[PDB]
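Q: Got a structure for you, written out below as structure tokens; questions coming shortly.
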Amino acid sequence: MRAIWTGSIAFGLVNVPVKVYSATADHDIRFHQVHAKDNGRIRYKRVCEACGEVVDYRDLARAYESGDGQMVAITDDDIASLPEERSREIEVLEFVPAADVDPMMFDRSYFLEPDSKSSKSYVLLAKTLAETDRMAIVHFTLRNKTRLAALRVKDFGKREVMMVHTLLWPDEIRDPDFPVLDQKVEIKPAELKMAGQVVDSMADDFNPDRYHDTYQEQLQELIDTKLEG
Amino acid sequence: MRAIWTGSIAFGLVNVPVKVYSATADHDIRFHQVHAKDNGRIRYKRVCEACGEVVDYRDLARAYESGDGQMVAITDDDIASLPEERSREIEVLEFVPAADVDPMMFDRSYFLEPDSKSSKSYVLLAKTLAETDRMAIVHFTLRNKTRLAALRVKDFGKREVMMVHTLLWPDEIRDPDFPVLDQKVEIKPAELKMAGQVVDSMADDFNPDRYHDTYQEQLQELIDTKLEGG
Amino acid sequence: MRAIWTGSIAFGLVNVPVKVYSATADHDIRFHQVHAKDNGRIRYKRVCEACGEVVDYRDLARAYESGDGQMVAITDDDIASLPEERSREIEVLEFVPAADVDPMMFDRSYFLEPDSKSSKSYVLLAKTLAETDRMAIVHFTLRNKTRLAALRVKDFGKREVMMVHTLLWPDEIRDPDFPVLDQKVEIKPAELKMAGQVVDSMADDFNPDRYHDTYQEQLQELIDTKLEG
Amino acid sequence: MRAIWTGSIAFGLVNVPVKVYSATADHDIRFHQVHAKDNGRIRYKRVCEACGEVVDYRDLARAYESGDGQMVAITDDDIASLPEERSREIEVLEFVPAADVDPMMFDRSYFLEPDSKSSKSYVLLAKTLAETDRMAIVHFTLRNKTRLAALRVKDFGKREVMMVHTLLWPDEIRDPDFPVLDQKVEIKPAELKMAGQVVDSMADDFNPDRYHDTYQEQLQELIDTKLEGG
Amino acid sequence: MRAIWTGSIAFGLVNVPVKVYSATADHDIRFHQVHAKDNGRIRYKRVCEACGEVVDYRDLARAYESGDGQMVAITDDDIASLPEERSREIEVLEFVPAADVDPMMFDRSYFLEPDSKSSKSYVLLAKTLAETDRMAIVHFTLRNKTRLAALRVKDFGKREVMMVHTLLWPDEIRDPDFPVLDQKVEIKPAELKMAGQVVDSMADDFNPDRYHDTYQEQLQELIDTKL
Amino acid sequence: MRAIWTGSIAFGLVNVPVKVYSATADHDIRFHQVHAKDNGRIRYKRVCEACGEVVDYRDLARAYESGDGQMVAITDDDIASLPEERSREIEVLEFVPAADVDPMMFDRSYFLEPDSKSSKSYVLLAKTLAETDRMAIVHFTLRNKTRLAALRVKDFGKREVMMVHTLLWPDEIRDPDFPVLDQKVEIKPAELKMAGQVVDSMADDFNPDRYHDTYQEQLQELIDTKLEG
DNA sequence: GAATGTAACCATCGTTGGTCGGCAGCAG
DNA sequence: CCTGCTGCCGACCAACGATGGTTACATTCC
DNA sequence: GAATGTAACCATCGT
DNA sequence: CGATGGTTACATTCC
């Protein structure tokens with residue numbers, strides 16, 4: 001496990017040096033694109049539509065099109081005009097109860113390890129957040145773009161570990177405009193009664209090891225068959 | 001809104017025909033490269049390293065490389081040997097308490113709209129899930145790839161809408177192997193109490209329309225002033 | 001075979017779309033009356049007693065009669081007041097044992113064909129009904145006049161088909177009030193055995209091909225010979 | 001209770017005098033039409049669409065319409081040629097186990113009483129059919145039509161009555177031509193196990209008093225309040 | 001221009017990552033022993049002057065001898081029981097008034113440079129210290145020795161810089177026992193008036209550019225002729 | 001309790017003879033390394049390892065690399081050029097209020113005692129400086145060294161004793177002018193109340209008997225138990 | 001809109017590179 | 001009854017090298 | 001195009 | 001000798 005960000009959680013007088021680790025890793029098998037016959041590697045070569053000429057990366061300019069107003073042709077100077085902020089701060093804004101952030105906001109997950117040997121500041125914040133059950137909304141800038149994020153603490157056995165959840169911006173969520181649910185449908189009490197045993201017949205507790213990506217497992221063994229064959 | 005999936009939630013007798021809508025959009029501005037001197041669109045041409053010959057898509061083949069073992073080509077026919085997953089039904093596995101699933105599992109969210117002539121099965125299924133405060137661990141297959149997912153219900157004002165959250169497989173979560181937290185630090189109640197005033201001074205309820213993507217807003221308005229000028 | 005009803009079996013979570021087919025069709029011949037001297041079809045003309053003139057269907061009102069009363073005028077306005085639903089759902093009430101419904105209750109028979117992309121719900125419901133040997137009591141609603149009905153599964157060889165039997169209401173069966181059977185008559189076992197032997201002498205299994213409508217066949221052959229001249 | 005048909009049971013050397021009653025009587029309210037302005041009963045007038053004149057019943061004949069086979073006139077000697085069907089005897093043919101006759105077979109039901117002061121023959125026949133559970137397939141003619149019928153014994157407390165069930169001929173029963181049920185599906189034991197509780201949760205015992213024609217009772221109260229309302 | 005020690009100031013949940021700089025560097029010319037004829041640096045040899053045995057490093061342990069206790073040896077296992085004091089944080093103990101700390105205790109001074117541009121905590125801590133006018137007594141460890149230190153902010157033009165002064169332990173200051181002052185000596189009130197006029201005669205404000213060192217200035221003049 | 005330097009204060013019309021005692025002595029235990037088997041005193045040998053010349057104490061000549069290794073030699077002529085500094089008295093330059101001087105140049109402290117039975121001169125000098133709240137800046141001439149020093153008065157209990165502080169030369173103070181300090185960020189008023197509360201929470205009074213060199217104190221105990229054992 | 005690649009650049013760990021230290025000799 | 005002055009030697013900061021990993025983006029499939 | 005209603009007749013059990 | 005319920009066959013708002 002390698003870190004991807006060495007910064008600090010800062011709000012006012014407070015500053016907690018931490019290192020960010022990616023909490024999740026896609027276990028899907030990733031392939032490569034090769035020529036069918038000679039099995040050589042495949043490279044992508046740019047070609048301008050106007051002249052059919054291969055162009056280098058240095059000759060590219062970002063463009064924006066909106067329905068009709070195509071070819072805005074944004075230059076790199078205009079980006080420099082933007083107040084770019086490649087900050088190294090997890091800037092805490094507020095502290096909200098953990099129940100006020102619903103699951104559809106969460107985007108990604110990251111771990112927080114105390115970077116320095118002085119972990120007292122890290123422990124105190126984690127202990128305070130866990131005891132009072134609050135979550136901190138922060139401005140987390142991973143590499144070049146800033147994203148809304150939430151600071152939460154969860155226990156991995158005997159270890160109290162802080163964690164960062166990238167959040168979707170509130171305007172990024174659509175609203176269900178379905179008129180079907182507006183009308184009222186009458187449900188007899190017996191049907192509500194029946195819906196009980198159906199749920200409790202299949203009801204259980206979340207056991208992680210029951211669920212296995214079957215398609216990936218058989219894909220892995222098929223590859224191993226070719227590897228030995 | 002345009003649906004992305006038309007099927008049903010089936011776990012036996014129960015079969016609720018629903019349509020899936022993408023709940024979350026993305027407001028980020030998406031650009032596309034153009035030739036600087038020509039302002040012409042850029043196309044990608046595939047070139048094979050072995051011969052330099054331009055390779056059409058039909059003349060491609062997936063390959064997998066991992067340390068020892070080179071040119072491990074996976075042909076199309078082997079994928080056919082794998083049991084295909086074209087399922088158009090959201091197969092329900094079991095029902096778990098809403099709190100038993102951890103927030104780090106969710107990655108994507110979708111809406112469920114009833115599709116049959118009568119929505120009684122959908123409406124009443126939502127009613128019991130909220131009353132029992134339970135989730136539903138399901139198998140969801142959007143486009144030829146099955147993903148573990150969770151079925152839950154949210155209240156959007158007056159409407160009660162079922163919702164699908166795709167989940168990461170339990171083996172996708174790493175363990176925080178940090179020996180630093182293992183060592184124990186001595187603390188006093190004075191600083192422990194003092195941390196209360198620091199946190200509670202900034203404590204507030206989650207207000208959605210207080211956080212804005214300022215960078216996108218500035219970027220968006222810069223586009224228009226360039227668009228009008230020429 | 002043409003469908004006479006398209007709906008679904010619904011009792012809560014479960015909703016199995018099906019098509020209803022008439023399981024029995026009488027094989028009689030429907031004769032038409034014609035003029036003796038003209039061979040022309042006759043159309044009945046509605047003649048009112050108090051008017052003596054032909055009255056159209058628009059000017060027709062239903063009346064009820066009971067003893068002293070007689071002219072209880074009923075118009076469709078009161079019919080609208082009375083709840084009347086053409087619900088396209090075969091609502092299920094319970095699952096009684098199969099043997100608990102006496103054959104005197106059955107009135108008509110219908111077939112159920114699955115009418116969905118997947119017939120898993122239909123097939124699995126049929127499988128559990130047969131293995132537990134139970135019968136579902138439903139509220140089958142044809143074109144108005146909701147009727148009590150029973151749902152059962154019968155094997156037509158290699159196909160397992162669900163069927164709907166319309167039932168008369170339990171209050172619709174008369175009471176076999178016979179004073180003669182109330183009194184008892186002495187009978188000796190000696191001649192009881194003789195009655196047993198004659199009964200089993202004629203015993204035979206059910207062969208449906210053994211019985212045919214002989215009179216109707218003679219009627220059948222009569223009018224085709226006349227038709228062919 | 002009024003007798004519909006009086007006769008006997010044909011057996012060769014055994015005769016069982018008997019009177020027939022209708023086991024069921026529809027309780028639906030029967031309406032008859034009146035003038036919308038005069039409240040007068042309408043009497044149908046038979047007018048043929050070839051002369052515009054009323055026709056006495058002596059001047060019509062039954063005709064068979066079948067495709068191009070029109071103008072088929074059936075006179076008095078045509079239907080007299082068929083043998084007379086009016087018979088006052090219930091001709092038994094065979095004796096079949098009660099489980100062999102299907103529920104789909106039954107059409108109507110009737111009651112039988114001993115139409116004499118000597119009921120020994122009746123109670124004798126019911127006894128053999130009771131202990132040796134069998135059904136007697138008979139030819140039953142009510143007024144002028146001969147229908148297949150099944151004879152069984154049913155008990156009302158301490159009373160044993162033979163009941164005659166009119167059976168439609170086996171050639172009037174259709175065959176389900178559904179290719180959908182021919183194909184087989186993959187089903188899991190978990191799905192079958194789920195079907196148990198849902199069936200068993202709604203499982204009960206057949207109680208006749210639990211079901212009432214709710215529409216009829218609501219309809220029934222409508223006339224009387226109008227009758228009592230003037 | 002080099003950070004002798006990089007860490008943070010922590011007094012609980014607060015933590016201010018800083019880098020220290022030596023605030024004072026002596027400008028006196030320092031020499032090293034050189035050979036008049038050989039013109040080569042002299043390297044000392046670890047030779048025991050009791051038996052002639054030539055000794056090398058990584059083989060000799062510390063010793064402590066005084067009065068009655070002689071040849072009391074200390075090895076590398078005895079100091080292992082001593083807890084390591086190599087903590088890389090400046091642990092703030094209290095915040096005493098900035099004026100009550102006696103100038104007797106200061107020996108060395110240091111400069112605190114902020115961390116990367118994430119430096120709001122430093123300016124915040126400096127701002128409050130100047131406002132209520134207090135200094136923080138801390139435990140400062142440079143390499144391995146933990147010394148009592150006082151944290152104080154002070155004004156440098158338009159720049160607010162926090163300085164880590166180091167204090168001698170309170171037990172290192174001797175008690176002045178001067179019996180010559182035990183007797184009470186009467187002071188003439190007229191002399192106090194006489195002294196009052198005397199003190200303002202030479203009352204001159206401190207001008208750092210008024211007085212320079214003379215020994216150092218003269219020595220470099222002779223070096224100019226040689227070079 | 002041994003005097004280190006005896007002299008007088010040069011004032012013109014005033015001259016107070018005085019003995020000087022060092023105020024503070026470092027209490028860290030000094031260790032001398034000896035042989036593991038011989039326990040001898042390792043006396044370093046000054047033999048130049050460039051030509052094998054055994055340089056004597058008088059043979060040594062201090063050299064400085066300076067700019068480009070110009071290790072110029074110094075003989076008795078040079079020290080003759082500099083004025084003799086064997087004077088055993090110190091002189092006063094100016095009187096500055098104590099508030100003007102700041103403590104980053106203070107390094108050492110020494111006591112002073114009246115050397116004559118006429119102690120009235122000593123106390124009179126002490127009285128006026130305390131009344132004037134000023135510190136006299138002097139040149140202190142220690143063993144073959146002249147340093148800038150600053151008298152001062154301090155009351156130890158009921159005893160009145162003058163004190164000499166030698167100051168580091170003003171030219172020896174570096175300039176910490178960094179652009180980061182020049183760069184100013186925006187401070188909200190919100191955390192100022194929180195920052196002040198945090199500092200005031202841990203505010204206390206300077207009681208010198210609260211801090212001991214616990215590392216050094218308990219090492220003596222280890223030595224005490226090692227010597228006893 | 002969804003998966004599925006490629007191709008930029010950035011970032012954290014690695015490890016060779018000079019100071020400034022804290023620990024000891026000598027001056028009648 | 002002390003104190004100035006240096007190498008036996010030693011932990012402290014930058015400049016490129018490898019390796020993940022993020023971000024952006026076209027190309028297929030509706 | 002069946003299912004649903006309703007009137008028409010004659011057979012028929014009850015005196 | 002008088003009434004009831006059985007087959008007739010007809011006009012409807014239909015998946």
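Labels for the structure tokens follow display order: chains A, B, ..., residues from 1 in each chain, ligands from 1.
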Which residues are close to stretch 92-108 of chain A, i.e. within 6 Å by only C-alpha atoms (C1' of nucleotides), leaving aside same-chain residues fewer than 2 positions away? Reply as a PyMOL selection string.
A: (chain A and resi 11+134-138+165-168) or (chain B and resi 107+109+202-206)
Q: So that I can see what lies close to residue B:176, please list as a PyMOL selection string the residues with an atom at most 9 Å from it, counting only C-alpha atoms (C1' of nucleotides) and leaving out residues fewer than 6 positions away in the same chain.
A: chain A and resi 21+23+111-113+156+159+161
Q: If DSSP is run on the backbone, what residues of stretch 102-230 of chain D are strand (DSSP E)? A reply as a CSV table (one decimal) with N, CA and C atoms, in the first residue's frame would be ideal.
A:
```
chain,number,residue,atom,x,y,z
D,106,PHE,N,-67.9,-31.3,-14.2
D,106,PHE,CA,-69.2,-31.1,-13.7
D,106,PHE,C,-69.9,-29.9,-14.3
D,107,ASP,N,-71.2,-29.9,-14.5
D,107,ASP,CA,-72.0,-28.8,-15.1
D,107,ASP,C,-73.1,-28.3,-14.1
D,108,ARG,N,-74.0,-29.2,-13.7
D,108,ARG,CA,-75.0,-28.9,-12.7
D,108,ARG,C,-75.1,-30.0,-11.7
D,109,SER,N,-75.9,-29.7,-10.7
D,109,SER,CA,-76.1,-30.7,-9.6
D,109,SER,C,-77.6,-30.8,-9.3
D,110,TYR,N,-78.0,-31.9,-8.7
D,110,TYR,CA,-79.4,-32.2,-8.4
D,110,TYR,C,-79.5,-33.1,-7.2
D,111,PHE,N,-80.7,-33.1,-6.6
D,111,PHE,CA,-81.0,-33.9,-5.4
D,111,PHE,C,-82.0,-35.0,-5.8
D,112,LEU,N,-81.9,-36.1,-5.0
D,112,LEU,CA,-82.8,-37.2,-5.2
D,112,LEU,C,-83.5,-37.6,-3.9
D,113,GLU,N,-84.8,-37.8,-3.9
D,113,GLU,CA,-85.5,-38.2,-2.8
D,113,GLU,C,-86.2,-39.6,-3.1
D,114,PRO,N,-86.5,-40.4,-2.1
D,114,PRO,CA,-87.3,-41.6,-2.4
D,114,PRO,C,-88.7,-41.3,-2.6
D,134,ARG,N,-67.6,-45.0,-5.3
D,134,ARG,CA,-67.7,-45.1,-6.7
D,134,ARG,C,-68.8,-44.1,-7.2
D,135,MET,N,-68.7,-43.8,-8.4
D,135,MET,CA,-69.7,-42.9,-9.1
D,135,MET,C,-70.3,-43.6,-10.2
D,136,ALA,N,-71.6,-43.5,-10.3
D,136,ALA,CA,-72.4,-44.2,-11.4
D,136,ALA,C,-72.6,-43.3,-12.6
D,137,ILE,N,-72.0,-43.6,-13.7
D,137,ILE,CA,-72.2,-42.7,-14.9
D,137,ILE,C,-73.5,-43.1,-15.5
D,138,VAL,N,-74.4,-42.2,-15.7
D,138,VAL,CA,-75.7,-42.4,-16.2
D,138,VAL,C,-76.1,-41.5,-17.3
D,139,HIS,N,-77.2,-41.9,-18.0
D,139,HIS,CA,-77.8,-41.0,-19.1
D,139,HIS,C,-79.0,-40.4,-18.5
D,140,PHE,N,-79.0,-39.1,-18.4
D,140,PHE,CA,-80.0,-38.3,-17.7
D,140,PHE,C,-80.7,-37.4,-18.7
D,141,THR,N,-82.0,-37.5,-18.9
D,141,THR,CA,-82.8,-36.6,-19.7
D,141,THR,C,-83.8,-35.8,-18.9
D,146,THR,N,-80.7,-35.2,-23.7
D,146,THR,CA,-80.0,-36.2,-22.9
D,146,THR,C,-78.6,-35.8,-22.6
D,147,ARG,N,-78.2,-35.8,-21.4
D,147,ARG,CA,-76.9,-35.3,-20.9
D,147,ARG,C,-76.3,-36.4,-20.1
D,148,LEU,N,-74.9,-36.5,-20.3
D,148,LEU,CA,-74.2,-37.4,-19.4
D,148,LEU,C,-74.2,-36.9,-18.0
D,149,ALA,N,-74.4,-37.8,-17.0
D,149,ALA,CA,-74.5,-37.4,-15.6
D,149,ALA,C,-73.8,-38.4,-14.8
D,150,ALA,N,-73.3,-38.0,-13.6
D,150,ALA,CA,-72.6,-38.8,-12.6
D,150,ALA,C,-73.4,-38.8,-11.4
D,151,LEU,N,-73.5,-40.0,-10.8
D,151,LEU,CA,-74.3,-40.2,-9.6
D,151,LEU,C,-73.4,-40.6,-8.4
D,152,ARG,N,-73.5,-39.8,-7.3
D,152,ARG,CA,-72.7,-40.0,-6.2
D,152,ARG,C,-73.5,-39.8,-4.9
D,153,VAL,N,-73.0,-40.1,-3.8
D,153,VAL,CA,-73.7,-40.0,-2.5
D,153,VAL,C,-72.9,-39.0,-1.6
D,154,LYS,N,-73.7,-38.0,-1.1
D,154,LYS,CA,-73.1,-37.0,-0.2
D,154,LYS,C,-73.9,-37.0,1.1
D,155,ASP,N,-73.3,-36.7,2.2
D,155,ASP,CA,-73.8,-36.8,3.5
D,155,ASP,C,-74.0,-35.4,4.1
D,156,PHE,N,-75.3,-35.1,4.5
D,156,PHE,CA,-75.6,-33.9,5.3
D,156,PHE,C,-75.9,-34.4,6.7
D,159,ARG,N,-77.9,-37.7,7.1
D,159,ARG,CA,-78.7,-38.0,5.9
D,159,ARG,C,-77.8,-38.3,4.8
D,160,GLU,N,-78.1,-39.4,4.1
D,160,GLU,CA,-77.4,-39.8,2.9
D,160,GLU,C,-78.3,-39.6,1.7
D,161,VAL,N,-77.9,-38.7,0.8
D,161,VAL,CA,-78.7,-38.4,-0.4
D,161,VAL,C,-77.8,-38.6,-1.6
D,162,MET,N,-78.3,-39.3,-2.6
D,162,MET,CA,-77.6,-39.4,-3.9
D,162,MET,C,-77.9,-38.1,-4.7
D,163,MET,N,-76.8,-37.6,-5.3
D,163,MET,CA,-76.8,-36.4,-6.1
D,163,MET,C,-76.4,-36.7,-7.5
D,164,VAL,N,-77.2,-36.1,-8.4
D,164,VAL,CA,-76.9,-36.3,-9.9
D,164,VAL,C,-76.2,-35.1,-10.4
D,165,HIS,N,-75.0,-35.3,-10.9
D,165,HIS,CA,-74.2,-34.2,-11.5
D,165,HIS,C,-74.2,-34.3,-13.0
D,166,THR,N,-74.8,-33.3,-13.6
D,166,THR,CA,-74.8,-33.3,-15.1
D,166,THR,C,-73.4,-33.1,-15.6
D,167,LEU,N,-72.9,-33.9,-16.5
D,167,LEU,CA,-71.6,-33.8,-17.0
D,167,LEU,C,-71.6,-33.4,-18.5
```
Q: Can you check which residues of chain B have any atom within 10 Å of chain G? Use only C-alpha atoms (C1' of nucleotides) and format it as a PyMOL selection string.
A: chain B and resi 2-4+22+44+142-145
Q: For the selection just defined, write its residues with C-alpha atoms to a file, as an mmCIF file, in the first residue's frame.
A:
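For reference, selection-v1.cif as written:
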```
data_model
loop_
_atom_site.group_PDB
_atom_site.id
_atom_site.type_symbol
_atom_site.label_atom_id
_atom_site.label_comp_id
_atom_site.auth_asym_id
_atom_site.auth_seq_id
_atom_site.Cartn_x
_atom_site.Cartn_y
_atom_site.Cartn_z
ATOM 1 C CA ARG B 2 -34.229 8.594 -20.246
ATOM 2 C CA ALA B 3 -34.254 5.076 -18.832
ATOM 3 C CA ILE B 4 -31.098 2.971 -19.083
ATOM 4 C CA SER B 22 -29.342 7.233 -13.398
ATOM 5 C CA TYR B 44 -7.104 8.156 -32.773
ATOM 6 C CA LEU B 142 -26.466 -3.225 -16.215
ATOM 7 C CA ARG B 143 -24.511 -4.046 -19.394
ATOM 8 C CA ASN B 144 -23.124 -7.596 -19.530
ATOM 9 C CA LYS B 145 -21.411 -7.265 -16.138
#
```
Q: Write out as a list in words every residue belonging to chain B that has an atom at most 12 Å from any atom of chain F, counting only C-alpha atoms.
A: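 The answer, sorted by residue number, is residues 190, 191, 193, 194, 195, 196, 197, 198, 199, 200, 201 and 202 of chain B.
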Q: Write the residues you've just listed into a file as an mmCIF file, in the first residue's frame, and include C-alpha atoms for each of them.
A:
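Generated output (part-v4.cif):
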```
data_model
loop_
_atom_site.group_PDB
_atom_site.id
_atom_site.type_symbol
_atom_site.label_atom_id
_atom_site.label_comp_id
_atom_site.auth_asym_id
_atom_site.auth_seq_id
_atom_site.Cartn_x
_atom_site.Cartn_y
_atom_site.Cartn_z
ATOM 1 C CA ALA B 190 -8.286 18.205 30.016
ATOM 2 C CA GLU B 191 -7.386 18.046 26.323
ATOM 3 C CA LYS B 193 -12.666 17.939 27.141
ATOM 4 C CA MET B 194 -11.029 20.875 25.337
ATOM 5 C CA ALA B 195 -11.540 19.200 21.955
ATOM 6 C CA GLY B 196 -15.288 19.475 22.549
ATOM 7 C CA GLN B 197 -15.400 23.261 22.276
ATOM 8 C CA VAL B 198 -13.234 23.208 19.145
ATOM 9 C CA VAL B 199 -15.474 20.755 17.293
ATOM 10 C CA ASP B 200 -18.799 22.032 18.629
ATOM 11 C CA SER B 201 -17.913 25.627 17.735
ATOM 12 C CA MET B 202 -18.101 24.616 14.059
#
```
Q: Need the shell around residue D:49: protein/DNA/RNA residues with any atom at most 12 Å away, counting only C-alpha atoms (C1' of nucleotides). Skip same-chain ones fewer than 3 positions apart. Format as an NGL selection string?
A: (:C and (33-35 or 38-45)) or (:D and (46 or 52-55))
Q: Tell me which protein, DNA and RNA residues are within 10 Å of residue J:12, counting only C-alpha atoms (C1' of nucleotides), leaving out same-chain ones fewer than 5 positions away, and put them as number ranges by chain.
A: I: 3-5
Q: Quick one: which residues from chain A are at most 12 Å off chain H, using only C-alpha atoms (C1' of nucleotides), as a PyMOL selection string?
A: chain A and resi 1-5+21-22+25+44-46+62+141-145
Q: If you measure from atom CA of residue E:138 to atom CA of residue E:94, what distance in Å do you get, rounded to one decimal?
A: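 Between these atoms lies a distance of 7.5 Å.
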Q: Counting only C-alpha atoms, which residue out of C:63, C:58, C:53, C:119 sits closest to residue D:29?
A: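 The closest residue to residue D:29 is C:63.
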Q: Taking the DSSP assignment computed from this structure's backbone, write out as a list in words all residues of stretch 38-145 of chain E that belong to helix (DSSP H, G or I).
A: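 Result set for stretch 38-145 of chain E (helix (DSSP H, G or I)): residues 120, 121, 122, 123, 124, 125, 126, 127, 128, 129, 130, 131 and 132 of chain E.
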Q: For the residues in the current selection, export N, CA and C atoms as a short mmCIF file (atom, residue, chain, number, x, y, z; two decimals), in the first residue's frame.
A:
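Saved as result.cif:
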```cif
data_model
loop_
_atom_site.label_atom_id
_atom_site.label_comp_id
_atom_site.auth_asym_id
_atom_site.auth_seq_id
_atom_site.Cartn_x
_atom_site.Cartn_y
_atom_site.Cartn_z
N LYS E 120 -1.71 28.55 8.16
CA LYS E 120 -2.65 29.38 8.91
C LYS E 120 -2.45 29.23 10.41
N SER E 121 -2.11 28.02 10.87
CA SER E 121 -1.97 27.78 12.30
C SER E 121 -0.84 28.62 12.89
N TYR E 122 0.27 28.75 12.17
CA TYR E 122 1.39 29.55 12.66
C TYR E 122 0.96 31.00 12.87
N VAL E 123 0.36 31.61 11.85
CA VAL E 123 -0.05 33.01 11.97
C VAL E 123 -1.10 33.16 13.06
N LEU E 124 -1.99 32.17 13.20
CA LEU E 124 -2.98 32.23 14.27
C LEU E 124 -2.32 32.16 15.64
N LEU E 125 -1.37 31.24 15.82
CA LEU E 125 -0.71 31.12 17.12
C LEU E 125 0.13 32.35 17.43
N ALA E 126 0.82 32.89 16.43
CA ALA E 126 1.59 34.11 16.65
C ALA E 126 0.67 35.27 17.00
N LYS E 127 -0.49 35.35 16.35
CA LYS E 127 -1.39 36.48 16.58
C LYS E 127 -1.89 36.52 18.01
N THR E 128 -2.29 35.37 18.56
CA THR E 128 -2.81 35.36 19.92
C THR E 128 -1.70 35.60 20.94
N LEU E 129 -0.51 35.06 20.69
CA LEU E 129 0.59 35.25 21.63
C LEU E 129 0.95 36.72 21.77
N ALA E 130 0.97 37.46 20.66
CA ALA E 130 1.26 38.88 20.73
C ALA E 130 0.12 39.65 21.38
N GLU E 131 -1.11 39.14 21.26
CA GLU E 131 -2.26 39.87 21.78
C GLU E 131 -2.31 39.82 23.30
N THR E 132 -2.36 38.62 23.88
CA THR E 132 -2.39 38.50 25.33
C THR E 132 -1.01 38.55 25.96
#
```
Q: Do a neighbour search on residue C:30 at 12 Å with only C-alpha atoms (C1' of nucleotides), toss out local chain neighbours closer than 5 positions, and write the hits as a CSV table (one decimal) with N, CA and C atoms (P, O5', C5', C4', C3', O3' and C1' of nucleotides), in the first residue's frame.
A:
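For reference, selection07.csv as written:
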```
chain,number,residue,atom,x,y,z
C,220,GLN,N,-76.3,-34.3,-36.5
C,220,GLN,CA,-75.2,-33.8,-37.3
C,220,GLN,C,-75.2,-34.3,-38.7
D,62,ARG,N,-86.8,-23.7,-37.6
D,62,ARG,CA,-85.4,-23.5,-37.2
D,62,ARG,C,-84.5,-23.8,-38.4
D,63,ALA,N,-83.5,-23.0,-38.6
D,63,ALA,CA,-82.6,-23.1,-39.7
D,63,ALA,C,-81.2,-23.1,-39.3
D,64,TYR,N,-80.3,-23.8,-40.0
D,64,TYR,CA,-78.9,-23.9,-39.7
D,64,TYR,C,-78.1,-23.1,-40.6
D,65,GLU,N,-77.3,-22.2,-40.1
D,65,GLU,CA,-76.5,-21.3,-40.9
D,65,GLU,C,-75.0,-21.7,-40.7
D,66,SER,N,-74.4,-22.1,-41.8
D,66,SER,CA,-73.0,-22.5,-41.8
D,66,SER,C,-72.3,-22.1,-43.1
J,8,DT,P,-83.0,-27.3,-26.6
J,8,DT,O5',-83.4,-26.2,-27.7
J,8,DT,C5',-82.9,-24.9,-27.5
J,8,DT,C4',-84.1,-23.9,-27.7
J,8,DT,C3',-83.7,-22.7,-28.5
J,8,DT,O3',-83.9,-23.0,-29.9
J,8,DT,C1',-85.1,-22.2,-26.6
J,9,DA,P,-82.7,-22.6,-30.9
J,9,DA,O5',-82.6,-21.0,-30.9
J,9,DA,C5',-83.8,-20.3,-31.3
J,9,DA,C4',-83.7,-18.9,-30.9
J,9,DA,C3',-82.4,-18.2,-31.3
J,9,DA,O3',-82.7,-17.3,-32.4
J,9,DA,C1',-83.0,-17.6,-29.1
J,10,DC,P,-81.5,-16.5,-33.1
J,10,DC,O5',-81.6,-15.1,-32.4
J,10,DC,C5',-82.8,-14.3,-32.6
J,10,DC,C4',-83.2,-13.6,-31.3
J,10,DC,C3',-82.6,-12.2,-31.2
J,10,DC,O3',-83.4,-11.3,-31.8
J,10,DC,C1',-82.5,-13.4,-29.1
```
Q: For chain I against chain D, which residues fall within 10 Å using only C-alpha atoms (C1' of nucleotides), given as a ChimeraX atom specification?
A: /I:5-9,11-14
